[PDB]
Amino acid sequence: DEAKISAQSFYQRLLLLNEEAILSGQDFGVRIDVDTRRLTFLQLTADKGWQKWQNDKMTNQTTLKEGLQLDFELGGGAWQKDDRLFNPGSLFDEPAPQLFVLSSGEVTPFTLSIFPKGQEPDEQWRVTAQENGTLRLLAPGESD
């Protein structure tokens, strides 16, 4: 529910980014930082490479509220987050995105899972870009 809202947020942002790429002919991307529970929305630029997308449609970085976690898998791969409660180097207060959102409309196949702390990522609230191109929001327990 806090997880649901967060999943909807990401789904809305991803669809808008996909739309922007198609409309503008520019390439975009999403960087997932599992240790800081952050999602960053990036634009590829010739002069500066990947940068946070400065825009008048949506914020370009979101961080999950306390009590929620996230994890991700790329295509058919394993979940990316390790089992540590915290990364002792990350505690202290652009890197390229793992998800490319291209102007052709193609999106890197992936699954992002958002969930309460204490739980595993499997079959949680999920947003996925399927091998066939479809973007989907999945509820907990929902297949595929």
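For reference, positions follow the sequence shown, starting with 1. Just the heavy atoms: all of them, side chains too, but no hydrogens, waters or symmetry mates, feed the values below.
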Asks: Checking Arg13 side chain against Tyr11 main chain: does a donor-acceptor pair fall under 3.5 Å?
Replies: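 Here the side-chain-to-backbone pair does not exist.
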Asks: Donor-acceptor check, side chain of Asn60 to backbone of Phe41, threshold 3.5 angstrom: yes or no?
Replies: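 Not at all, since once roles are kept as given, no pair shorter than 3.5 Å links the two residues.
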Asks: Between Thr111 and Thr128, is there a donor-acceptor pair closer than 3.5 Å when you use the side chain of the first and the backbone of the second?
Replies: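 Such a contact is absent between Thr111 side chain and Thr128 backbone.
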Asks: Would you indicate whether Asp93, at its atom CG, is surrounded by more than 12 heavy atoms from other residues, nucleotides or ligands within a distance under 6.0 Å?
Replies: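 No.
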Asks: Please report the C-alpha distance between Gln98 and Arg31 in whole Å, then the side-chain angles of each, then the deciding distance to 0.1 Å, and finally whether the side-chain hydrogen bond (donor to acceptor under 3.5 Å, both in side chains) criterion is met.
Replies: CA-CA 6 Å; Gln98 310 94 341; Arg31 194 176 71 245; 5.9 Å; no
Asks: Going only through I, L, V, M, F, W and Y residues with side-chain contacts under 4.5 Å, is there a path from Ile114 to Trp79?
Replies: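 No; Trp79 is not reachable from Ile114 via cluster members.
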Asks: Assess whether atom CD of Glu120 is packed by more than 12 heavy atoms of other residues, nucleotides or ligands within 6.0 Å.
Replies: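 No, not enclosed.
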Asks: Ignoring hydrogens and angles, tell me if any N or O in the side chain of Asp33 forms a donor-acceptor pair with the backbone of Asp35 under 3.5 Å.
Replies: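 Here the side-chain-to-backbone pair does not exist.
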Asks: For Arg136 and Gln130, indicate whether the former's side chain and the latter's backbone hold a donor-acceptor pair under 3.5 Å.
Replies: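 Looks like no, no N/O pair under 3.5 Å.
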Asks: Can any side-chain N or O of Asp27 pair as donor or acceptor with the backbone N or O of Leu102 at less than 3.5 Å?
Replies: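 Side chain of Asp27 to backbone of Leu102, a donor-acceptor pair under 3.5 Å: no, none is there.
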Asks: After noting the C-alpha distance and the side-chain angles of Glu142 and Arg126, does the key distance pass the salt bridge (charged side-chain N to carboxylate O under 4.0 Å, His left out) rule?
Replies: CA-CA 9 Å; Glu142 187 175 2; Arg126 281 154 291 154; 5.9 Å; no
Asks: With the 4.5 Å side-chain cut-off for hydrophobic clustering, are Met58 and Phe10 part of the same group?
Replies: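 Per the 4.5 Å side-chain linkage, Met58 and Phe10 are co-clustered.
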Asks: Check step by step if ring pair (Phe, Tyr, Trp, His ring centres under 6.0 Å) holds for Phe115 and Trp125.
Replies: CA-CA 7 Å; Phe115 54 92; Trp125 277 101; over 10 Å; no
Asks: Restricting to non-hydrogen atoms, name the atom on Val101 and the atom on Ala21 that form the minimum distance, rounded to 0.1 Å.
Replies: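 Taking every non-hydrogen atom into account, O-CB, 3.6 Å.
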Asks: Would you kindly say whether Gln69 and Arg37 are connected by a side-chain donor-acceptor distance under 3.5 Å?
Replies: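 On atom types as modelled, these side chains do not qualify, holding no pair under 3.5 Å.
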Asks: Report yes or no: do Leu112 and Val107 belong to one cluster of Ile/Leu/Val/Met/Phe/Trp/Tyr joined by side chain heavy-atom distances under 4.5 Å?
Replies: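 Shared cluster, yes.
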Asks: Quick one, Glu20 and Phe28 - any side-chain contact, counting heavy atoms below 4.5 Å?
Replies: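 Yes; the side chains approach each other to less than 4.5 Å.
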Asks: Going by atom types alone, do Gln51 and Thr45 pair a side-chain donor with an acceptor below 3.5 Å?
Replies: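 No, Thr45 and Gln51 have no side-chain donor paired with an acceptor closer than 3.5 Å.
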Asks: Looking just at side-chain N and O atoms, do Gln80 and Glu73 make a donor-acceptor pair shorter than 3.5 Å?
Replies: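 Looking only at side-chain atoms, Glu73 and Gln80 do not form any donor-acceptor pair under 3.5 Å.
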Asks: Indicate whether the side chain of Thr63 and that of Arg38 have a donor and an acceptor atom separated by less than 3.5 Å.
Replies: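 There is such a pair between these side chains.
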Asks: Would a distance-only check, ignoring hydrogens and angles, find a side-chain to backbone donor-acceptor pair under 3.5 Å from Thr108 to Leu99?
Replies: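 Flag not set: sc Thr108 to bb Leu99 has no pair under 3.5 Å.
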Asks: Any side-chain donor paired with an acceptor under 3.5 Å for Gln43 and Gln26?
Replies: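 Side-chain D/A pair, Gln43 to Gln26: present.
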Asks: Quick one: closest heavy-atom pair of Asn18 and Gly105, and the distance?
Replies: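 Closest approach of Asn18 to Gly105, heavy atoms only: ND2-O, 3.4 Å.
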